[PDB]
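Notes follow the structure.
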Amino acid sequence: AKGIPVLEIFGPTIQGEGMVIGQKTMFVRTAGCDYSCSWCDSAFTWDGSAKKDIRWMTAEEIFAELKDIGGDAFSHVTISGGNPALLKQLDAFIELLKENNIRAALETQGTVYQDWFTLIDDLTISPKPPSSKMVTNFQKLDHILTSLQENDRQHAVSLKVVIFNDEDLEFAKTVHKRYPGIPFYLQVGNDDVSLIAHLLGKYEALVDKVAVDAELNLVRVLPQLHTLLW
Amino acid sequence: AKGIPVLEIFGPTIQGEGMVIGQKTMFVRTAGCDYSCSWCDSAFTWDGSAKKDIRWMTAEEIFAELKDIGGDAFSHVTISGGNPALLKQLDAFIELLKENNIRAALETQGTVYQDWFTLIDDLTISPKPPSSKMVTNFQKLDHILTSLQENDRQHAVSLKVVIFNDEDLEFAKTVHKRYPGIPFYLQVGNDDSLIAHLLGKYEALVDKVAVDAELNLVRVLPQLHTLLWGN
Ligand code: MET
Ligand code: SF4
Ligand code: SF4
């Protein structure tokens, strides 16, 4: 259990949200989360239901399976969870992706810092809104973004906040106004219920609210391309 | 100086494609295109259908109307056409946007180069595929990207090639392999329900790139503005 807890490896596919939306990438979803958000779409990563399905793999084993699935049709890998920032062992895998000249992306809610953050080309910090029933530690969020700006990583970091209600939108203003020099992405909240027409109505409704708000000018409102496709 | 040929000024809205998709911005559409692409969705910018509807405004007049439409709910302006690169007069309007601390974006096919290219925060070079029946001058395209990489503007330039068939996809490989360092974008072409048809075209384009080894550092995106409001 000294390796990397891997849950699923699939691709190539398109990143459907965030800073690198549309990027063709391979996904390596790891296990473990320090959050228990109310609308966690990947609860199996932390509730223990997929504990038996965990495959503790080394860095070279993950890369070998990435080549058996993606072949040579990928140059970008996305690590997700869960909260992959909880795993310090990922440093060996992120370093392995760099040796093979492969760009790496990762999303974390911003509760724990790792030294290998400086190696991520597309680092997404995603603070969770109050609708998740999670308390946001802005002190730890400050330390992470400050450490990234000191290590000359501003070009690789973005902020993404999912919006389910008007209270989440006010939370996004607090995060955006606190870190003005960081690209800010607003994502539409998904409520599992022709859901494609229901989602474009939710996306357009969020765009209309941001269009009239003067405090959310340097933001990017995006939907989830994956849920619209599949 | 000289007035800027403006066709329409609206916003705030979101950018629906490419380098800064989803970015809230104000659109300032200029007139004049040195191309005549067969599927030009903005034919009125160059065919001469709306010569009377052109307002030759100065840099201060355009910025004044931007504040009347969007007020303080915008910090990003996108210049579209047409081919705004044919207008040297835009240097005054872009400098005015930088003075007011406003980011600027522009998309051009990449024929003519201007000095104010170094002032664009989100510059998109969009070479046209063979389906446009246009001839791509790669010798003239190399000059633009070389000038940007010399003026330390590689962090603000991207390539975007719209795809309608398999022949356009092979043209995107030639452009992507010719400029590896520049971020590359693939966009779905619209035949012009429309929404359910474009998703099938976007899904089909994703499946083709998913098994392609030459188009790896590529972002495949549709037209978001068409999926919400259509034509
Ligand atoms: C759909 S990928 C993201 C899943 C989950 N919201 C996370 O933070 O990892
Ligand atoms: S951070 Fe993501 S994976 Fe973790 S509980 Fe929240 S939604 Fe689920
Ligand atoms: S370059 Fe763009 S605006 Fe100009 S003719 Fe071609 S499609 Fe139309």
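Every number here is computed from the coordinates shown, using simple stated rules; none is lab data. FYI the Cβ positions are ideal-geometry reconstructions off the backbone, even for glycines, and counts take in every protein chain you see.
Applying the selection to region A:203-230, what residues are more than 7 Å from every other protein chain (Cβ to nearest Cβ), closer than 20 Å to residue B:220 by Cβ, of a type in the set (A, V, I, L, M, F, W, C) and surrounded by fewer than 19 Cβ atoms within 10 Å (Cβ to Cβ)?
A:230, the sole residue that qualifies.
Is there any pair with a first residue in region A:7-29 that is among the basic types (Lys, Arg) and a second that is surrounded by fewer than 19 Cβ atoms within 10 Å (Cβ to Cβ) and not in a loop (DSSP other than H, G, I, E, B) whose Cβ atoms are under 6 Å apart and which are 6 or more apart or on different chains, and what are they?
A:29/A:8
When only residues in region B:75-109 that are of a type in the set (A, V, I, L, M, F, W, C) and within 14 Å of chain A (Cβ to nearest Cβ) count, which is nearest to residue B:13 (Cα to Cα)?
Filtering first and then ranking leaves B:77.
Among the listed residues A:13, A:30, identify the single one that is within 14 Å of another protein chain (Cβ to nearest Cβ), over 24 Å from residue A:131 (Cβ atoms) and either within 16 Å of ligand 1 (Cβ to nearest atom) or under 14 Å from the mean Cα position of the chain (by Cα) (or both).
A:13
For region B:1-85, which strands (runs of 3 or more DSSP E) that fit wholly inside it have 1 or more residues that are within 16 Å of ligand 3 (Cβ to nearest atom)?
Ranges flagged: B:4-14, B:24-30, B:76-80.
Could you please give the count of residues in region A:179-202 that are over 17 Å from residue A:39 (Cα atoms) and surrounded by fewer than 17 Cβ atoms within 10 Å (Cβ to Cβ)?
Looking only at that region, the number is 8.
Across region A:32-78, which residue is surrounded by the fewest Cβ atoms within 10 Å (Cβ to Cβ) among those that are farther than 23 Å from residue A:22 by Cα, touching a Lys or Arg at 6+ places or on another chain (Cβ under 8 Å) and hydrophobic (A, V, I, L, M, F, W, C)?
Filtering region A:32-78 for residues that are farther than 23 Å from residue A:22 by Cα, touching a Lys or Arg at 6+ places or on another chain (Cβ under 8 Å) and hydrophobic (A, V, I, L, M, F, W, C), the one surrounded by the fewest Cβ atoms within 10 Å (Cβ to Cβ) comes out as A:56.
Quick one: is residue B:8 within 11 Å of another protein chain (Cβ to nearest Cβ) and either of a type in the set (D, E, K, R) or over 25 Å from residue A:225 (Cβ atoms) (or both)?
no
Any idea how many residues of region B:190-216 are among the polar types (S, T, N, Q) and within 8 Å of residue A:73 (Cα to Cα)?
1
Considering only region B:55-74, how many residues are closer than 16 Å to residue B:8 by Cβ and away from chain A (no Cβ under 14 Å)?
9
Do we find that residue A:193 is more than 10 Å from every other protein chain (Cβ to nearest Cβ) and not in a helix (DSSP H, G or I) in this structure?
So residue A:193 fits the description; yes.
Given A:186, A:200, which one is in a strand (DSSP E or B) and within 11 Å of chain B (Cβ to nearest Cβ)?
Only one candidate passes the filter, namely A:186.
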